[PDB]
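Two versions of one and the same chain are coming, encoded as structure tokens; call them structure 1 and structure 2.
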Structure 1
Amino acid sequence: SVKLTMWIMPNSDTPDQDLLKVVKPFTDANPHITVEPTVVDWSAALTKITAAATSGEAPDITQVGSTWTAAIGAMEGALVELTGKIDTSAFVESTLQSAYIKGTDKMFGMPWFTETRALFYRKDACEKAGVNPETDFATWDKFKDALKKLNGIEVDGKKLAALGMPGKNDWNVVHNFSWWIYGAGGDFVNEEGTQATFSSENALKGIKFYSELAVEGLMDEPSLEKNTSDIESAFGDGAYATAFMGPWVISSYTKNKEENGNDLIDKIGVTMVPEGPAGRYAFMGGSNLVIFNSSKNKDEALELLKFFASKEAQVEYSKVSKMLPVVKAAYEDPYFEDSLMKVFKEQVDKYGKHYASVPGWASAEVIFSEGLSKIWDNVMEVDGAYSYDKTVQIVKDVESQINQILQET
């Protein structure tokens, strides 16, 4: 028989077991094929995938962050070109842009799932504070005014910080600035994807508006030293009135109720990100699946990728991971009438914006994580009083290095 190996990032509570439950229909129908998943944590995934593409010590298949697909596909001989091998008509068209290398008609990944970051809020905090979450989060200015009412609000003894967000030590550092830059009227690169432009007046206005929510005491500053995992868990413990998070947190908050009696899940709602002066824009992320060119079982691997794109496999993986399907027909399933999931779907569809799918973007994210986190060091005044001018200089320095990276293509 054929033993297909696959790498997956931690997309659900028990990643390997949950993947195996989703692929069981495939292996039942193909008893001569087995699937063996291996988990690779997000922090190491880019290094391990890059090394596997070069060395040939690689699985047949790997999950790849959507923002990294062009980086891997652009490596000569790294991935199987999938152009014309997958029926793209079943996919939500917008999810295909990250599967192609910008500037080419070459498809090197298959969209697997998508995700966006939405605004979670505590319903009990909002009522006690006189905040109507149906209208008071709709714009930047109403949002900031709501945070002032929410900051220091007491909810059953606990004093809550208005907004809680991470600041360091993972890939989300740039993701969490993204829609603030877009909403201000900026972008990270030019239309060609060849020149960094996030030091523009508009991009800086978004960076300034967001970072100075913390300077004004509305965003919890101790949390800016932490990563996404820490802040997701803190919100689940009732530490903040609001937070921007992906849909996967619904899984952990649900488990917290079922296992520990924590009913935070029943006290929260979700709404779209507030509208900025450019209009509403949201982060569009997700993951693709790729076949390594060193695979000795490419026919079987392609069969597995096609199964992962089937309606039922898309629905079942969404139920366990809370990620959004990339296949249109999956949204016909009754599961998608869930009020929370509908917000993420509506947001990504109407307003989701994905980074340019250029080969240098993966390298830029490494620079972003190190560089933009220094904005929070400025805000936290670990080395002198906050200065907007320091933030500007940080952004310009990061932009200069991003430019050198882009010019390697």
Structure 2
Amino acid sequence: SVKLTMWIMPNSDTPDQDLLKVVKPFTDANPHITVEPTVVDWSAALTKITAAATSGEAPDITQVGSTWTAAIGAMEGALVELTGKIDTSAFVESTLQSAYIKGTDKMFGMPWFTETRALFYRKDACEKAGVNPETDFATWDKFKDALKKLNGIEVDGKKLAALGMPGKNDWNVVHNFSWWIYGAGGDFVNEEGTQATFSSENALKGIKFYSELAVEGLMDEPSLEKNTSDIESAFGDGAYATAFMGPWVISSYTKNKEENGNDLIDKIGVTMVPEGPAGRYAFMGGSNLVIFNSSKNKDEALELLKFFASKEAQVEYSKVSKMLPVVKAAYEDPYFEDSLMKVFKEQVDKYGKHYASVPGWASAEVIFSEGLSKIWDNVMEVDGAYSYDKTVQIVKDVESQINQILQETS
């Protein structure tokens, strides 16, 4: 018999058991294959995977952050090339980009699940404030006008901040700026993926618009010291009129109502991110699966990957992980078509934009995160008055470092 070993990151409440429940139909139907998952923490995962690819001491399969696929796939002899082995027509088209090395036709990962961030809002706050969510969040300028009407609005005796979002003490620093940069007509790197474009006029327009929401008082100031999970919890206890969050919060708030009677879930809606001057783009994240070239059972490894891309496994794993499926047929399930979830379905499909899938991306993201962290410090005036010129200098200094990374990894 064949024991497939698989590394996963912590995607659900009980990672190993939840994965094994989803694969039980596969191992029941293929009794000569067993699946042995091992959990690897997110912070050290890329380090451990890179070391396994280099040393040939690897599991058969590992989850990767979708942005890591090119980094690992570019390592000589690291991964099984999947080009032509997966039916790509099954996948939401926007999710496939991260599975390839950009500029090549080489597919080294299979998309597994995805996520995007949407704009959640308090319906009761909007009615009280005179905000119509069917129109007033559609564009940057309308959104900001709505925030002005919502900031400090009192609902059931509690004063709400207009927008709750984390600052630099967080793991989504870059991801939360991404769609502002895109909507302004900017990007982190050029289309070819070979030059940084983070200091363009358009990128700065997006960075300035989003970060100065803090200078203008429209963001909850205490929350800028906190992280994503804190903003999700606080919104779920009614602290903010709006917040940009992933789809997993719907389950959390639904559970809060079932267990504690917390009716926040009945007072919220969700809409797509506001369109910027250049159009509507949204963040895309998530994870892919890869097969190590050192695997002694690649045929069985591939069969497992294809199982994870089957409709039933996509539905079931997305439910338990609270992520979004990457296969089109999974969105036929009513779960992904309810009033809130359907906004996420539409956004990832029609407007999702993934970071360039280049081998240097993972290294570049750390640099972008450091720079945007300094921009938060700047707008929050932690060390002197806010200076937009300081943001410009930070972004130019980032641009230089990114170009050196791209030159090394070309």
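Residue numbering: structure 1 sequence, from 1. Between two forms, the rigid core is defined as the largest C-alpha subset superposing within 1.5 Å.
With the core held fixed by superposition, the comparison between the two structures singles out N293 as the only member of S200, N293, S310, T271 whose CA moves by at least 2 angstroms.
The Cα position of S387 differs by less than 2 Å between the two structures after fitting on the rigid core. Relative to the superposed rigid core, the position of the CA of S321 differs between the two structures by 2 Å or more.
Put the two forms on the same core and the Cα of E337 is off by 2 Å or more between the two structures. Structural comparison between the two structures after rigid-core fitting shows the C-alpha of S66 displaced 1.0 Å.
For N11, the Cα deviation between the two structures after core superposition amounts to 2.3 Å. Core-based alignment between the two structures gives a C-alpha movement of 4.6 Å at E57.
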